[PDB]
2 protein chains.
Amino acid sequence: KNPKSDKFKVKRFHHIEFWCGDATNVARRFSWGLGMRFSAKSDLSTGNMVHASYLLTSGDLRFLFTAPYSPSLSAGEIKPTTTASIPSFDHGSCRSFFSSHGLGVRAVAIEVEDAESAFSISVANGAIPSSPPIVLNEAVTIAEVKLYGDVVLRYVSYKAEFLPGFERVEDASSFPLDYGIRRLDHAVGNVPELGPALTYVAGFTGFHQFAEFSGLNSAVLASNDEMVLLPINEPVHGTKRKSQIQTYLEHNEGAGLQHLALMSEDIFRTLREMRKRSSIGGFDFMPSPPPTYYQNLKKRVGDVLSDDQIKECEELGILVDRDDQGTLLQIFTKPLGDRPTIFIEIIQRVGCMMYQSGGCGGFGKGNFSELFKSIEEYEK
Amino acid sequence: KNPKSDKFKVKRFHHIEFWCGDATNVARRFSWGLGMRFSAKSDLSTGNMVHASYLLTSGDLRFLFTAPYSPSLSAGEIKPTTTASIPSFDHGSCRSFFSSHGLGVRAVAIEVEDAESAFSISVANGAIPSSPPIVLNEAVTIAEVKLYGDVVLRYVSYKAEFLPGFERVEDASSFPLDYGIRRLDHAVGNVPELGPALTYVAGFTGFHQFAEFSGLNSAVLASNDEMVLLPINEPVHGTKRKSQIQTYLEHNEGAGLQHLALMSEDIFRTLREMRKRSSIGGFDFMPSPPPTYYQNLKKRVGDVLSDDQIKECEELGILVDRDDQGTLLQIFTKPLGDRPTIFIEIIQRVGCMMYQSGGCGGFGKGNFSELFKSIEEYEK
Ligand SMILES: Cn1[nH]c(-c2ccccc2)c(C(=O)c2ccc(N3CCCCC3)cc2[N+](=O)[O-])c1=O
Ligand SMILES: Cn1[nH]c(-c2ccccc2)c(C(=O)c2ccc(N3CCCCC3)cc2[N+](=O)[O-])c1=O
Ligand SMILES: [Co+2]
Ligand SMILES: [Co+2]
C-alpha cells in the first residue's frame, strides 16, 4: 500500500554533501575509486573565501566535498556580504562536525518543486529548522532541516549549473572516468531509537513506510513515486555478536548516515573497475561469501541469471536476493574512511518495468538468512 | 666552508608525518599520486584506540599520515596505559593543528644516534621541548622539539619495523607501486622572520649554513655530512607581485612547512608516471616554462644533457639549473590540498661523486633569473 501522502512535491535525489577537513584529497580519492568526473568547483579560484567545494558526478549521481578555509580569509564578511556559494555553511559547524564524526555525510539533498514551501510545510509539521530558505542569484532556492544526528535534509528547487557561484571545471582537469554508476538509490541512517526517528521524519515529509518482504531493526521511508528512499536502522542489544549499529553509533559519536547505495547500469563492469583499483587508491570490499552461497544461487535466482552470469557474480563477490517483484544484485565496500562508520553499497535491480519502479527487489534482507546458512554449509 | 659543528650525531631523514582529519583518504591519494607503497599501519585493527596512522614508503622515503579517533574510544586511558603507538600524539593538539593549518606536515623526523641525548643537548642549547624522550618496547627512542610554527623536529634512535606497535600491511592490501622516488632531499619551512628562526634552529642543532651560488629571502641549514638539509624562507614585503611566502603565512595561519623535495633515481620516469595520473586522483604540476627557456638550456647545460634529454625535459616541464659543482633537475607540484600552502618538489642531482655529496647543484636559485628572462624572450 502506498498512500501517496507527501506533504510537498518531491522530485529526485539531487546530491550528497560530505564535510571534510581537506576536500581536495577526499574528492580525488573518491573520483578515482568510484569513476566519477570532476564537474564543478567553488573555491578560492572562483572567489569563495569561505569554503572549498568540489563536485563529482557519474550519470545523475552528484557527490559534493566541502571543507572550510581559515576563518581569517573571510573575517570582514557578514552574511549579507558572504563569498560562500552555499549560504548554510558555517566554519564552526563544519569543524565541529568533522572533529566529532570524522569524514561523513552532512547533507542528503533532494530536488523539490519549491524549497521555500517545502521548508515551511516541513517546519509547520515538526521539522527542526537548520538553514532558512535562501534564493541564490534569483535562480535556485536552498533550505535545510535536521534529519538525524548532525545530518540535514536539504531541499533544492530550480526556477528553470550545479549552484550559482560554482564554475565548470576545465576540460584538462576533468578526466571522463566512468565505471557505470548512474544514480543514488537510497541513503541509510543509523540512530539510537528507530521509532522516534521514523515518527519525526515521516511527520514532516509525509513519506510512507515502504515495507519489506539479528543485529538491527530497520524501516524504509519513501516518497510518492518511491524514488526517494530513506531507510533508518536502530541497534538490537543483548546479542552475542555486538550490533554493528551500536559500533557505528560509538565510533561516530552518535546518529548519522550509515551507507549510500549507488545504482549501476552494469554492476559487473562497475565491480571489475572498482576492484582493479582497491589497492591503488580506490575502495576495498567486504569479504566474499563462501562458494556454497553461489552453489545455492541457482536454486533461488537460476531463472533470472544464467550459470555464466552467476559465476560472474562469484568472481566479483556480488550478493543476489529477490523480492516477490524483482531481483537485487548488491555488494558493500569497507568503510570509506578511518572510522568503522560510513560505507558504500553498489546495487543493480532487475524487474518492475512499467521505467523501473523504486525499490525493485527490496534491500537484501533475505541475504541475511542465506549467508548464515551458507556459513553452515561451507563449514560442512 | 663546513665547520662540522653538529652538537649530536645525526644520520639521515627518517620520515615525514602529516596530521590529517582522515588519514585513509589522504594516504590513498598520496600512494596513487606519488607511487608509494602501503608499508605499515597502527590503527583500531592493531589495538590503537587513539589514532589511525598509515605509513607509505618509496625507497628510503617514508610518509606517515595520522588522524585522531573519537577521544571517547580512549577516555579510560592515561599516558601510562595508552594504546597510542606514537606517545607524543594528543587529540587536542592534532585537532587544533588541522583546524588551524589544514592538511600539513607536523613532524620532520631525523634518525640520530641517541634521541634522549639529542633531546637533552638540544634543550640545553635553546630548543623548546615538545615531547620528552620515550622508549618504545625497549627498542626505539622518540623525542620532539619545536622547529617552527607548529612543526616539530622529531628525533628517532634505534638500539638495533617502523615503530613498535605498527604492523606490516598484508600483501593483498600492499600493491608494489614505484615511480622512482627514493628519498627526502630537503624540507623547507616558511616563517615571518628568517633571522630569529635560523639563530634558533642552528643554535640547538649545531647545523651550519649551506650557502648558495625578488619575493623571499632564504638560507639552508645543513648537518655535518650535509645530508639533512633544512631551508627556511621569509617574505620580502613591498614588491609588485605579492610575496608567495606572505600568501603562505596568511593561508596557513602562520609559519609551517612549505615544500618537501623528493629525490628520484629517474626523474623522467617519475614525471611520466605522475603526469599520467594528475587528472585521475594524483597531483598537478605548475605551468611549464616557455619553449624559449628550453631553447636557452643548450647554452647552459648542453654539456650535461644531450639534445634528446633536453627535449625530454621540455616534454615533462622539468627545470634545470647548475651550481659550480653539479646540475639540478627539478619540478614543482601544485599545492597538495585545499590551501595554497604545502607543495612537493621532485628532484634529481647529477655530479658531486666521491656516493653523491649533499645539495649537489644547489636548490635552483639560478632558475629565477632564467625564467624572468625566458618570459621576456617568449613575449618577443
Ligand atoms: C534498508 N536496508 N536494510 C538492509 C539490511 C541490513 C542487514 C540485514 C537485512 C537487511 C539494507 C542493506 O543494505 C544490507 C543488505 C544485506 C547485508 N548483508 C548480507 C547478509 C548478511 C548480513 C550482511 C548488509 C546490509 N547493510 O546494511 O550493510 C538496507 O539498505
Ligand atoms: C632552498 N631553496 N631555495 C629555493 C628558491 C625559491 C625561489 C627563488 C630562488 C631559490 C628553493 C626551491 O625549491 C625553488 C627553486 C626554483 C623555483 N622557481 C623557478 C624560478 C622562478 C621562481 C620559481 C621555486 C622554488 N620553490 O621554493 O617553490 C629551495 O629549495
Ligand atoms: Co542498502
Ligand atoms: Co627546493
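Counting convention: from 1, in listed order, for ligands and their atoms alike. Letters go in sequence order (proteins before strands), and every chain restarts at 1.
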- Going by the atom numbers of ligand 2, which of them fall below 4.0 Å from some non-hydrogen atom of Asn367(B)? 19 (C), 20 (C), 21 (C)
- Test the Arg349(A)-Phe363(A) pair against the cation-pi criterion, namely NZ or CZ under 6.0 angstrom from the six-membered ring centroid and within 45° of the ring axis. yes
- Per side-chain contact (heavy atoms from CB on, under 4.5 Å), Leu194(A) is matched among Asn217(A), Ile245(A), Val236(A) by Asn217(A)
- Note on the structure: So the atoms of ligand 2 within less than 4.0 Å of a heavy atom of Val220(B) turn out to be 1 (C)
- If we only count N/O pairs under 3.5 Å, is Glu212(A) in contact with ligand 1? no
- Item | Salt bridge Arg12(A)-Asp225(A), side-chain N to carboxylate O under 4.0 Å | yes
- Item | For atom 18 (N) of ligand 2, the option (of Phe363(B), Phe332(B), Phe210(B), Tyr293(B)) bearing the nearest heavy atom | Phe332(B)
- So, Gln258(A) versus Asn233(A): side-chain donor-acceptor pair below 3.5 Å or not? yes
- Per-atom contacts of ligand 2 with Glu345(B), taking only distances under 4.0 Å to non-hydrogen atoms: 13 (O)
- Message: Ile232(B) and side-chain contact (heavy atoms from CB on, under 4.5 Å): which single residue from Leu147(B), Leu198(B), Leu216(B) fits?
- Response: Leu198(B)
- Relative to each other, are the rings of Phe63(A) and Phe18(A) parallel, tilted or perpendicular (30° and 60° limits)? perpendicular
- Of all the atoms in ligand 2, which lie at a distance below 4.0 Å from a heavy atom belonging to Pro231(B)? 1 (C)
- Message: Heavy-atom pairs closer than 4.0 Å: do any link ligand 1 to the side chain of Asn233(A), the backbone, both, or neither?
- Response: neither
- Message: Applying the side-chain contact (heavy atoms from CB on, under 4.5 Å) criterion to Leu297(A), which one of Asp321(A), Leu319(A), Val320(A) satisfies it?
- Response: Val320(A)
- Heavy-atom proximity to atom 13 (O) of ligand 1, picking from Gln258(A), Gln244(A), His259(A), points to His259(A)
- What angle sits at the Co ion (ligand 4) between OE1 of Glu345(B) and NE2 of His186(B), to 10°? 90°
- Note on the structure: For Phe368(B), the atoms of ligand 2 under 4.0 Å from one of its heavy atoms are 20 (C), 21 (C), 22 (C)
- Subset of ligand 2 atoms that lie under 4.0 Å from at least one heavy atom of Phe343(B): 28 (O)
- Message: For the residue pair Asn190(B) / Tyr148(B), report whether a side-chain donor-acceptor contact shorter than 3.5 Å exists.
- Response: no
